[PDB]
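Structure at a glance
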There are 2 protein chains.
Amino acid sequence: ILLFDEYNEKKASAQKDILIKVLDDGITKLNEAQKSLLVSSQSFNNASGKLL
Amino acid sequence: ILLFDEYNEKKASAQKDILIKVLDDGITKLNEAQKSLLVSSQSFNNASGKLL
């Protein structure tokens, strides 16, 4: 947001590559977080039955 | 001067090529003009002598 107040022609190609990696990365990391959590939730299910 | 008040990323490559051609071109054209003129000047020289 800062380096491209006014278009920076030289860093332009990197900034793009960067925006991609960091975004792409978090996107994956974020996803796995969710799956990890969902699976944890599923864990209690069996026990929850045995309880009843 | 106009189209690049603020850098125009798309036309950037053309503008460059253009600036080159038009400049390169006139540079040649301008040169030949001079030579043409210089030679014209040289023309009178022989006659100028015969006169004297």
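Residues numbered from 1 in each chain as written, not as in the entry; some residues may be left out. Chains lettered and ligands numbered in written order. Part of a larger assembly, values for the part shown. Heavy atoms only, no water.

Within chain A, the regular secondary structure consists of 1 helix and 0 strands. Along the first, second and third principal axes, the C-alpha set of chain A runs to 65 × 15 × 5 Å. Taken over 52 residues, chain A has a buried fraction of 4%. For chain A, the exposed area adds up to about 5,100 Å²; of that, 61% sits on carbon and sulfur atoms. (Helix = DSSP H or I, 4+ residues; strand = E, 2+ residues; numbered from the N terminus. Buried < 20%, exposed > 50% of the residue type's maximum accessible area, 1.4 Å probe, protein only. Areas by Shrake-Rupley, 256 points an atom, 1.4 Å probe, with all protein chains shown as cover.)

Turning next to the packing of aromatic side chains. Scanning the model with the defined rule gives 3 aromatic pairs over all chains in all. With 5.6 Å between their ring centres and 5 degrees between their planes, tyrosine 7 of chain A and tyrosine 7 of chain B make a pair best called stacked. With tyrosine 7 of chain A in the segment before α1 (12-51) and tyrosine 7 of chain B in the segment before α1 (12-51), this residue pair bridges two chains. Judged by centre distance (5.6 Å) and plane angle (85 degrees), the ring pair of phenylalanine 4 of chain B and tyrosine 7 of chain B falls under edge-to-face. What makes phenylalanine 4 of chain B partly exposed here is its relative accessible area of 25%. Using a relative accessible area of 33% as the deciding quantity, one classes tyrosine 7 of chain B as partly exposed. The structure contains a cluster of three or more aromatic residues connected by ring pairs, namely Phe4 and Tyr7 of chain A together with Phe4 and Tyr7 of chain B. (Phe/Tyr/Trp six-rings, centres within 6.5 Å; stacked < 30°, edge-to-face > 60°.)

Now for a negative patch on the surface. Judged by side-chain charge, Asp5 and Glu6 of chain A together with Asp5 and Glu6 of chain B come together as a negatively charged surface patch. With respect to the helices and strands, the residue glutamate 6 of chain B is situated in the segment before α1. (Patch = residues over 30% accessible without salt bridge, like charges linked within 9 Å, V, L, I, M, F, W, Y side chains within 5 Å. Salt bridge = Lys/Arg side-chain N within 4 Å of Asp/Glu carboxyl O. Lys, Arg positive; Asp, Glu negative; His and termini not counted. Charge placed at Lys NZ, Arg CZ, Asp CG, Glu CD.)

Residue and element names in this part refer to chain A. Inspection of the secondary structure puts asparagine 8 in the segment before α1. Judged by relative accessible area, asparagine 8 falls into the buried class, the value being 19%. Engagement of the side chain of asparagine 8 in a polar contact is seen with the backbone nitrogen of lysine 10, the distance being 3.1 Å. (Polar contact = N/O pair within 3.5 Å; in protein donor to acceptor, adjacent residues only side chain to side chain.)

So, on to the pattern of salt bridges. Under the defined criterion, the tally for this structure stands at 4 salt bridges over all chains. Between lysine 29 of chain A and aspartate 25 of chain A there is a salt bridge; the shortest N-O distance is 3.5 Å. In this pair, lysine 29 of chain A and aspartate 25 of chain A are both assigned in helix α1, 4 residues apart and thus about one turn of the helix distant. Linking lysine 10 of chain B and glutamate 9 of chain B is a salt bridge whose minimum nitrogen-to-oxygen distance equals 3.5 Å. Judged by its relative accessible area of 64%, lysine 10 of chain B is exposed.

In this section: a nonpolar patch on the surface. All names here are of chain A. On the surface, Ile18, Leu19, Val22, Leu23 and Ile27 cluster together into a nonpolar patch covering about 490 Å² of accessible area. With respect to the helices, strands and loops of the structure, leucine 19 is situated in helix α1. The partly exposed category is assigned to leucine 19, whose relative accessible area is 46%.

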